[PDB]
Amino acid sequence: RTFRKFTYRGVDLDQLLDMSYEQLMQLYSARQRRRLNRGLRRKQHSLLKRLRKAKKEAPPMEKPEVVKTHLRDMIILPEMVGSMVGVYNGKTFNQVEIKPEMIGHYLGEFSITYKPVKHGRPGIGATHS
RNA sequence: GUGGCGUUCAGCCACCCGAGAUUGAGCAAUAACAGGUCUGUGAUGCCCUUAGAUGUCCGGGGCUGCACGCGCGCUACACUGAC
C-alpha cells in the first residue's frame, strides 16, 4: 500500500491500455499469446462491447452495472479492468471484480465450479478389515 | 529300427539315425445358472413419457471433487549401479 505501481511486465497500466493487440501478445505468456494470435471470435467481441457500454454508461465514482456471461474462457484483457462480470458456474452467476492484477488469467478461475468439501463420517463399509 | 519290461496284447522306458522322437493355438458335447448384457442394434413384450416432453439441439458445469478402506499396475530403494 506504500507504492501505487502496477507494472505488469515492467509496464504499468496506462501505456498498457493504449497498446495494441500485436505487442501485448509479446507481453503475455505462451497460452494467452496463442489465444490472441489465433482468432478471437464473435461472442468474445460482443462481451467486450457490452463491457465498454456498461463502463461508459456508469456515473462517475461508483462501480458499473454487472454484466453476466457464460464465457468462462475469456482472457482478461487490460480493456476489461475495473469491470463487473458475472461468471457462470453451471448453476449461478458469480460476482467478480476485475482487478488490475488479474490480466493474464481466464474468467473461469475466479468462479469456482464446485463446493470445497468438508467430510462427514465414513459410513458403513468404508473401513474393511 | 534296436534292446529291456509287459499276459508278450494294448502299451511303457532307454538308445541309434534324424531338422524334429510331446511346438503353440483355433474349434469344441449333454444338461444347466433367475450368471452378464434392454447402455451395441431399425432384436424385442409390457409399463412409463411424448410439446412446460424422459424426443432433440445449444451454452455452462459434472463424470476428475477428498479425514478414509480395497484391487490391477508403473517407478524405485542403487556400485551386478547412475552418469
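About the thresholds
- Residues numbered from 1 in each chain as written, not as in the entry; some residues may be left out.
- Chains lettered and ligands numbered in written order.
- Part of a larger assembly, values for the part shown.
- Heavy atoms only, no water.
- UniProt positions renumbered as here; feature names shortened; annotations may be inferred.
- Helix = DSSP H or I, 4+ residues; strand = E, 2+ residues; numbered from the N terminus.
- Rg over C-alpha atoms; globule rule 2.2 N^0.38 Å.
- Buried < 20%, exposed > 50% of the residue type's maximum accessible area, 1.4 Å probe, protein only.
- Contact = heavy atoms within 4.5 Å.
- Areas by Shrake-Rupley, 256 points an atom, 1.4 Å probe, with all protein chains shown as cover.
- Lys, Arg positive; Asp, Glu negative; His and termini not counted.
- Charge placed at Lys NZ, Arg CZ, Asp CG, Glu CD.
- Near = heavy atom within 4 Å.
- Polar contact = N/O pair within 3.5 Å; in protein donor to acceptor, adjacent residues only side chain to side chain.
- Nonpolar A, V, L, I, M, F, W, Y, C, P; charged D, E, K, R; others polar.
- Pairing = 2+ DSSP bridges.
- Axes fitted to C-alpha atoms, helices over the stretch in contact; angles between N-to-C directions.
- Arc of directions from axis to C-beta.

The name the PDB entry gives chain A is 40S ribosomal protein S15, with Homo sapiens as the organism. Taken directly from UniProt, the Subcellular location text for chain A runs: "Cytoplasm".

A. The overall build of chain A, seen in detail. Helix and strand content of chain A: three helices and three strands. In sequence order, chain A lays out its α and β elements as α-α-α-β-β-β. Taken against the 2.2 N^0.38 rule, which gives 14 Å for 129 residues, the C-alpha radius of gyration of chain A at 19 Å runs more than 25% over that of a compact globule. Counting only C-alpha atoms and orienting by the principal axes, one finds that chain A spans roughly 65 × 40 × 35 Å. Counting only residues that meet the buried cut, chain A has 31% of its 129 residues in that class. Taking contacts inside chain A between residues at least 6 apart in sequence as the whole, the part at least 24 apart equals 47%. Counting every atom, chain A has about 9,700 Å² of accessible surface; 52% of that belongs to carbon and sulfur. Of the side-chain charges in chain A, 26 are positive and 12 negative, and the distance between the mean point of each set is 10 Å.

B. View of the protein's contact with RNA strand B. The local shell around RNA strand B holds 13 residues, among which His-70, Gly-90, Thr-113, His-119 and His-128 are the closest. Atoms of RNA strand B within 4 Å of the protein: sugar and phosphate make up 60%, bases the balance. Separating a sugar or linking oxygen of RNA strand B from a backbone N or O atom of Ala-126 is a distance of 3.3 Å. Across the surface near RNA strand B, the residue classes break down as five nonpolar, seven polar and one charged.

C. Geometry of the sheet that holds strand β2 (residues 84-88). Reading across from one edge, β1-β2-β3 is the order of the three strands in this open sheet, with mixed pairing throughout. Looking at which strands have only one partner, the edges of the open sheet turn out to be β1 (67-69) and β3 (93-97). When the angles between neighbouring strand axes are averaged without regard to direction, this sheet yields 30°. Two elements, β1 and β2, share three bridges in a ladder whose sense is parallel. Of the residues in β2, the one forming a bridge with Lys-68 is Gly-86. Helix α3 (residues 42-56) contacts β1 and β2 of the sheet and is inclined by roughly 165° relative to β1.

D. Examining helix α2 (residues 30-37) more closely. Considered for burial, the residues of α2 that qualify are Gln-32, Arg-35 and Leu-36. Within α2, the buried residues cover an arc of 95° as seen down the axis, which keeps them to one side. What points out from α2, more than 90 degrees from its buried face, is the exposed set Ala-30, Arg-34 and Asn-37. The inward-facing, buried residues of α2 abut α1 (21-27) and α3.

E. Structural view of the side chain of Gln-44. Counting through the fold element by element, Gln-44 comes out in helix α3. A residue is classified by how much of its surface remains accessible, and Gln-44, at 6% relative accessible area, is buried. Discounting chain neighbours no more than four positions away, the residues touching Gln-44 are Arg-35, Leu-71, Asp-73 and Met-74.

F. The arrangement of the environment of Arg-4 in detail. Position of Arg-4 relative to the elements: it lies in the segment before α1. A sequence separation of 122 residues divides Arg-4 from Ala-126, and the C-alpha atoms of the two residues are 54 Å apart. Here the side chain of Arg-4 touches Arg-1 through a polar contact of 2.8 Å, landing on its backbone oxygen.

G. Expanded view of the pairing of β3. Where β2 and β3 come together, five bridges link them in antiparallel fashion. Looking at β3, one finds that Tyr-88 is bridged to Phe-93. From the end of β2 to the start of β3, which pair antiparallel, there are four residues, and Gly-90 there has a positive phi angle of about 95°.

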